[PDB]
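As a starting point, one isolated chain is supplied in structure tokens, in the form solved without this ligand.
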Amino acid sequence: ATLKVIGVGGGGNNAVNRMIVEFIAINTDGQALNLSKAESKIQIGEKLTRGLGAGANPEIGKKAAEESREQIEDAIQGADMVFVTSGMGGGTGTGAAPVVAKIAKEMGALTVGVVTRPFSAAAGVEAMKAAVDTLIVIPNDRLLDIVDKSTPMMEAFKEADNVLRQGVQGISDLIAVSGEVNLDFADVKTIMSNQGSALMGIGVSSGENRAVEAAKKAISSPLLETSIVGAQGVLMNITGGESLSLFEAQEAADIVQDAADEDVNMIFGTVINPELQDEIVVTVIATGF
């Protein structure tokens, strides 16, 4: 399963540098690509921006990516999964990144929008959400977990992709959360569809306490904790390797069931996947707010 991680504009180029599975750096400003450690580098919109001073316009970023679509395709060629981020800070990349997402999706890569940028900015987030399979919000200091935990992460996004295709429990729209994120239930509504939106908490753990640890993590964020209480329904999944016991599975199931309403309809699922080793991953999707 080939994963390709793509940072776009100033913030994504730094994100990718921090992270250095294959990496691609994309920028409308060619100068910044001289500071890139990524093996694959793409200047986008060279003809569009020729002679211009460097700029902050997202629309330029967007039109630059459409001009360069062909070169982006070749670089992404052969990816099963694509992470796209513009990282921190604003610029052309917030315009460019959703196009890069859309391009990958149409090559049939499962496509995750990764948002490290604080918001309630949202101009960009709204557009990324429109363009991607699943959108994940993760804190900037935690960015490394997406590439360290890439295997459990990808199982989480595959589940999120599957819920959305089959409209499970009526879910037409979804945002994933990992780690402790600065959003409350507002900041979220204004950017999400009004019926059948959902929230996916994700947590990943290894070693001694791994099952209870991972379940607590998936519900730990401000967004998940406030929204499990109201939830009309909850989809939970735990995925582990050959070593995942019924004990671990039942224990994690318990922890989630308690946070949820006594009257919630919970779907509970358990997967033994030898691909995971000693890692386990728990996903919690609340819906019906």
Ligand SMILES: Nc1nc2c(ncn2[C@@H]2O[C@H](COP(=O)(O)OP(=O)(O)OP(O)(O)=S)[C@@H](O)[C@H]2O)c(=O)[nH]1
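The first residue of the shown sequence is 1; numbering continues from there.
One more form of this protein should be noted, the form solved in complex with this ligand, which is absent from this view; the next part is about it.
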item	value
Shown form pocket vs this ligand in the bound PDB entry, superposition, backbone/C-beta distance 2.4 Å	blocked
Full three-residue contact with this ligand in the bound PDB entry, heavy atom 4.5 Å, for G124, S193 and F289	no
Candidate stretches 80-88, 99-107, 127-135, 206-214 - the one whose heavy atoms come within 4.5 Å of this ligand in the bound PDB entry	80-88
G241: touches this ligand in the bound PDB entry, heavy atom cutoff 4.5 angstroms	no
Non-hydrogen atom contact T111 with this ligand in the bound PDB entry at 4.5 angstroms	no
Contact of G230 with this ligand in the bound PDB entry (heavy atom, 4.5 Å)	no
Residue contact check: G53 to this ligand in the bound PDB entry, 4.5 Å heavy atom	yes
